[PDB]
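Each remark here refers to the structure printed beneath this line.
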Number of protein chains: 2
Amino acid sequence: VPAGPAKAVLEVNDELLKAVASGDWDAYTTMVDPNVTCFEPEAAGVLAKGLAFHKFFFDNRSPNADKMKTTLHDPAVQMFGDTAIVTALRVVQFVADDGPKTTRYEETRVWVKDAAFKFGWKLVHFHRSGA
Amino acid sequence: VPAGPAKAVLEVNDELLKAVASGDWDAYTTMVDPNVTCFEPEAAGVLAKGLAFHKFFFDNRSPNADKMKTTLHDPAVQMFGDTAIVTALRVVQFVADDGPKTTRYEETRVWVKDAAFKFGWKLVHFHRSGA
């Protein structure tokens with residue numbers, strides 16, 4: 001059974017998390033616009049732009065990124081023409097110096113229709129912020 | 001001289017800040033979609049929806065919200081059809097128990113074209129997160 005627009009973007013959004021979690025850069029590029037912008041903890045407080053910024057973290061995965069477990073919670077999509085706004089809570093289990101920890105992030109992901117992209121959608125902007 | 005699409009949304013985005021800063025609820029409603037969603041510190045970690053949530057803060061402005069000074073820094077817009085993604089850094093001067101303080105927020109504002117709205121644009125989602 002094929003997914004409608006809203007279900008479809010949710011699936012691609014989930015697939016992107018899988019790609020990031022597994023360090024699959026090639027997969028990342030099938031879903032993310034070359035001129036993607038973002039606010040995220042790793043971006044040091046300013047808007048980061050382009051894939052090169054993100055590839056840096058793929059090329060230098062360290063040190064216990066493999067122990068990490070990430071899940072998306074409470075996902076929702078809102079459609080505005082060819083734009084889809086996906087909102088969710090990202091919960092990350094990781095190990096720190098003090099032991100196992102859990103952190104929650106608010107995530108906004110803005111997806112745009114593009115039949116040229118593998119799944120018919122591309123990520124153009126996202127905003128992730130920690131609790 | 002009239003503003004093009006990108007300049008136009010930046011102006012409306014600035015006007016919205018002016019409305020919030022001055023507690024002008026009527027102005028707020030000329031710019032913000034009735035089904036607006038948001039992530040923001042005031043939303044207690046989950047996605048808030050609707051104008052009623054925001055009106056609560058207008059109706060209960062307290063206690064030194066008038067002393068506050070807010071400015072937008074490094075604004076940028078990206079256009080995707082009828083969607084405009086405005087990104088900016090929000091700097092807020094306020095007084096705490098310990099004295100005058102300054103805080104920076106990352107802000108994503110998603111605006112959508114609508115000729116029915118006063119300025120031709122409506123805010124449908126935003127994401128604000130503190131440093």
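We name chains A, B, ... by the order of the sequence lines, and we start the count at 1 in each one. No hydrogens, no waters, no symmetry mates; every other heavy atom, side chains included, goes into these values.
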- side-chain contact (heavy atoms from CB on, under 4.5 Å) between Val32(B) and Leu16(B): does it pass, once the steps are laid out? CA-CA 8 Å; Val32(B) 179; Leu16(B) 184 60; 3.7 Å; yes
- Item | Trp121(B)-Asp114(B) side chain donor-acceptor pair, cut-off 3.5 Å |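 Checked: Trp121(B)/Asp114(B) side chains show no N/O donor-acceptor pair below 3.5 Å.
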- Message: For a quick check under 3.5 Å, do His127(A) and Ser129(A) share a side-chain donor-acceptor pair by atom type?
- Response: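 No.
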- Item | Contact leader toward chain A among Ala131(B), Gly45(B), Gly81(B), where contacts are heavy-atom pairs under 4.5 Å |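 Of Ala131(B), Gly45(B), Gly81(B), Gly45(B) has the most heavy-atom pairs under 4.5 Å with chain A.
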- Please list, in residue-number order, every residue in residues 49-58 of chain A that has a heavy atom less than 4.5 Å from any heavy atom of chain B; write 'none' if there are none.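 Against chain B, none of the residues of residues 49-58 of chain A fall inside the cut-off of heavy atoms under 4.5 Å.
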- Query: Does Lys18(A) come within less than 4.0 Å of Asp24(A), counting only side-chain N to carboxylate O?
  - Reply: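 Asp24(A) and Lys18(A): not salt-bridged.
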- Task: Can you tell which part of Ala88(B) gets under 4.5 Å to a heavy atom of chain A, answering side chain, backbone, both or neither?
- Result: backbone
- Task: Select one option (side chain, backbone, both, neither) describing which atoms of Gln78(B) are under 4.5 Å from chain A's heavy atoms.
- Result: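 For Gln78(B), side-chain heavy atoms alone lie under 4.5 Å from chain A.
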Going from [atom1] on [X] to [atom2] on [Y], what distance comes out if it is rounded to the nearest 0.5 angstrom?
{"X": "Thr70(A)", "Y": "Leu17(A)", "atom1": "OG1", "atom2": "CG", "value": "6.0 Å"}
{"X": "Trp111(B)", "Y": "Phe80(A)", "atom1": "CH2", "atom2": "CZ", "value": "13.0 Å"}
{"X": "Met31(A)", "Y": "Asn13(A)", "atom1": "CE", "atom2": "CG", "value": "9.5 Å"}

What option among [options] has the most heavy-atom pairs under 4.5 Å with chain B?
{"options": "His73(A), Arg128(A), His125(A)", "answer": "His125(A)"}
{"options": "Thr108(A), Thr83(A), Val112(A), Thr37(A)", "answer": "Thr108(A)"}
{"options": "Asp82(A), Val46(A), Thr87(A), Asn35(A)", "answer": "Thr87(A)"}

- Query: Is atom NZ of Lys101(B) surrounded by more than 12 heavy atoms (other residues, nucleotides or ligands) closer than 6.0 Å?
  - Reply: yes
- Message: Given the ring of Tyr105(B), does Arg90(B) sit roughly above its face, with NZ or CZ under 6.0 Å from the centre of the six-membered ring and within 45° of the axis?
- Response: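 Not flagged: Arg90(B) not positioned over aromatic ring of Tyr105(B).
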